[PDB]
Amino acid sequence: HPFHXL
Amino acid sequence: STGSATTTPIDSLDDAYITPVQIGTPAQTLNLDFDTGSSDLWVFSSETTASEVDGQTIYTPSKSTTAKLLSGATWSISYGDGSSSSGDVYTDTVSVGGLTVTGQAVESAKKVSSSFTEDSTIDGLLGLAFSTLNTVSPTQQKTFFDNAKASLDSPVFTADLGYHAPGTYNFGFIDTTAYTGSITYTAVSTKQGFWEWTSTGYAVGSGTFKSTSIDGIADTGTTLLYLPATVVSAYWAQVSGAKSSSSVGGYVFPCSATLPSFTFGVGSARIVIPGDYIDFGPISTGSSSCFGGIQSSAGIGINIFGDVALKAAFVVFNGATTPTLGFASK
Numbered sequence: 444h445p446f447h448x449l
Numbered sequence: 405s406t407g408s409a410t411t412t413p414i415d416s417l418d419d420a421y422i423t424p425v426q427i428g429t430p431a432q433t434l435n436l437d438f439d440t441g442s443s444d445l446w447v448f449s450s451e452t453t454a455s456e457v458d459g460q461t462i463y464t465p466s467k468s469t470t471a472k473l474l475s476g477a478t479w480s481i482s483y484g485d486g487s488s489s490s491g492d493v494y495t496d497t498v499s500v501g502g503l504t505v506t507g508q509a510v511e512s513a514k515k516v517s518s519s520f521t522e523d524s525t526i527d528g529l530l531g532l533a534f535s536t537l538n539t540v541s542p543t544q545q546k547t548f549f550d551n552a553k554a555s556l557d558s559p560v561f562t563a564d565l566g567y568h569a570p571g572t573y574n575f576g577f578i579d580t581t582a583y584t585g586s587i588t589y590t591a592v593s594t595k596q597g598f599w600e601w602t603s604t605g606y607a608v609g610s611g612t613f614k615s616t617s618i619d620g621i622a623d624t625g626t627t628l629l630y631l632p633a634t635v636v637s638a639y640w641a642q643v644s645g646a647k648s649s650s651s652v653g654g655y656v657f658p659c660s661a662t663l664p665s666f667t668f669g670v671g672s673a674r675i676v677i678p679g680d681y682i683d684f685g686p687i688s689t690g691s692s693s694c695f696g697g698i699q700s701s702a703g704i705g706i707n708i709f710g711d712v713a714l715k716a717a718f719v720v721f722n723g724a725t726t727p728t729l730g731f732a733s734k
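Quick mapping for you: the protein sequence lines, in order, are chains A and B.
End of the first sequence sits at 449 in the working numbering; the numbers just go up one at a time, nothing left out.
End of the second sequence sits at 734 in the working numbering; the numbers just go up one at a time, nothing left out.
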């Protein structure tokens, strides 16, 4: 459940 | 003035890390995702649409005696996730680990994406990139680190993320206790407003190190390691069964396989990510295909050193006018 914050 | 707060993974995959922060008077404790790749302090709130909050702790500005509307002030943010959040804005006293900052901009969500609603452990974000990125209009705000900097002993925070384990964010000092050997500092370009730096090459497992410049960002707010197609291809070439899937949208490998380590170059230094950090487990429950933690940058246009890379190092973000980025072994 990855995250890539701009 | 210093501050140390424990950061804790929100899942056994370490998809993200949450740190308790204290907002308002008296204090409301929210768990926020410290994001060195954005610039906005945003929180779920009393104004957030009730069909968009699912077990998250909200900030109620009306119970803070320090809280004040920034009239006319407004925010909208959009991530590489595709994640979205927006609303209005307050000033208030914010404390991280006992480091207190007054009149911090606290951007209260009226609106939040699916992705955020679904994530019950995250109460909002604390952005730790450069203030140029901050979203609030028409008057642009500063970040908590920028607000603290002058107060701090040293204008610096370190990142010490744990693998399957808590770690620490420190503000104002370098715990020489927490790393091994020497810190290697490297030049930061602020020009896009990222902790943007240039890595000196890579090795796959016990292979030869390739000297190649890899430009990308230190981002504690991204889970994975995102590297050019060339480098990522070299890595998986070493794992029997690994392939890029259209379906699942990136490299997967048979869960029974053995991940080689990944080495990245910081100056003449080297940081090895253990192959175990590169395992993101079964793409689906039950599945024997497993998700890799090194993926191609090709479709984002920036290379990201995300939690998979940072968790293997002790990282200093020197925020000193000539900002630098330090790496140590831990």
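Positions of the beta carbon are idealized from the N, C-alpha and C atoms, including for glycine.
Have a look at residue i and residue j and give me their C-alpha separation to the nearest angstrom.
| i | j | result |
| --- | --- | --- |
| residue 479 of chain B | residue 561 of chain B | 26 angstroms |
| residue 705 of chain B | residue 610 of chain B | 29 angstroms |
| residue 502 of chain B | residue 598 of chain B | 26 angstroms |
| residue 692 of chain B | residue 660 of chain B | 8 angstroms |
| residue 511 of chain B | residue 495 of chain B | 8 angstroms |
| residue 540 of chain B | residue 420 of chain B | 25 angstroms |
| residue 470 of chain B | residue 445 of chain B | 17 angstroms |
| residue 678 of chain B | residue 666 of chain B | 7 angstroms |
| residue 515 of chain B | residue 465 of chain B | 16 angstroms |
| residue 517 of chain B | residue 682 of chain B | 28 angstroms |
| residue 411 of chain B | residue 579 of chain B | 16 angstroms |
| residue 708 of chain B | residue 440 of chain B | 11 angstroms |
| residue 450 of chain B | residue 463 of chain B | 6 angstroms |
| residue 547 of chain B | residue 498 of chain B | 11 angstroms |
| residue 662 of chain B | residue 586 of chain B | 30 angstroms |
| residue 500 of chain B | residue 433 of chain B | 10 angstroms |
If the cut is a Cβ gap below 8 angstroms, which residues of chain A does residue i touch?
| i | result |
| --- | --- |
| residue 588 of chain B | Ordered by position in chain A, no residue passes the 8 angstroms Cβ test against residue 588 of chain B, which lies about 24 angstroms from the chain. |
| residue 419 of chain B | 444, 445, 446 |
Using a cut-off of 7 angstroms between C-beta atoms, extract the partners of residue i located in chain A.
| i | result |
| --- | --- |
| residue 628 of chain B | 445 |
Counting C-beta neighbours from all protein chains within 10 Å, is the total for residue i 16 or more, i.e. buried, or is it exposed?
| i | result |
| --- | --- |
| residue 633 of chain B | exposed |
| residue 447 of chain A | buried |
| residue 600 of chain B | buried |
| residue 474 of chain B | buried |
| residue 596 of chain B | exposed |
| residue 669 of chain B | buried |
| residue 416 of chain B | exposed |
| residue 730 of chain B | buried |
| residue 492 of chain B | buried |
| residue 506 of chain B | exposed |
| residue 650 of chain B | exposed |
| residue 680 of chain B | exposed |
| residue 703 of chain B | exposed |
Check this for me: beta carbons of residue i and residue j, under 9 angstroms apart or not?
| i | j | result |
| --- | --- | --- |
| residue 461 of chain B | residue 435 of chain B | yes |
| residue 567 of chain B | residue 449 of chain A | no |
| residue 701 of chain B | residue 717 of chain B | no |
| residue 688 of chain B | residue 556 of chain B | no |
| residue 445 of chain A | residue 627 of chain B | yes |
| residue 606 of chain B | residue 618 of chain B | yes |
| residue 429 of chain B | residue 468 of chain B | yes |
| residue 646 of chain B | residue 675 of chain B | no |
| residue 715 of chain B | residue 532 of chain B | no |
| residue 592 of chain B | residue 722 of chain B | yes |
| residue 559 of chain B | residue 409 of chain B | no |
| residue 671 of chain B | residue 588 of chain B | yes |
| residue 710 of chain B | residue 625 of chain B | yes |
| residue 728 of chain B | residue 720 of chain B | yes |
| residue 443 of chain B | residue 551 of chain B | no |
| residue 543 of chain B | residue 477 of chain B | yes |
| residue 635 of chain B | residue 664 of chain B | no |
| residue 545 of chain B | residue 509 of chain B | yes |
| residue 418 of chain B | residue 522 of chain B | no |
| residue 513 of chain B | residue 447 of chain B | yes |
| residue 575 of chain B | residue 549 of chain B | yes |
| residue 438 of chain B | residue 630 of chain B | no |
| residue 536 of chain B | residue 594 of chain B | yes |
| residue 519 of chain B | residue 487 of chain B | yes |
Find the residues of chain A that neighbour residue i, judging by a C-beta separation of less than 9 angstroms, and give them in chain order.
| i | result |
| --- | --- |
| residue 537 of chain B | 449 |
| residue 485 of chain B | 445, 446, 447, 448 |
| residue 415 of chain B | 444 |
Are the C-beta atoms of residue i and some chain E residue less than 9 angstroms apart?
| i | result |
| --- | --- |
| residue 710 of chain B | Given the protein chain composition of this structure (A and B), no chain E is represented. |
Margin query: Would you call the segment 526 to 544 of chain B in contact with the segment 420 to 434 of chain B, where contact means no fewer than 3 C-beta pairs closer than 8 angstroms?
Written below: yes
Check: Touching or not, the segment 651 to 663 of chain B and the segment 683 to 696 of chain B, by the rule of three or more beta carbon pairs under 8 angstroms?
Finding: yes
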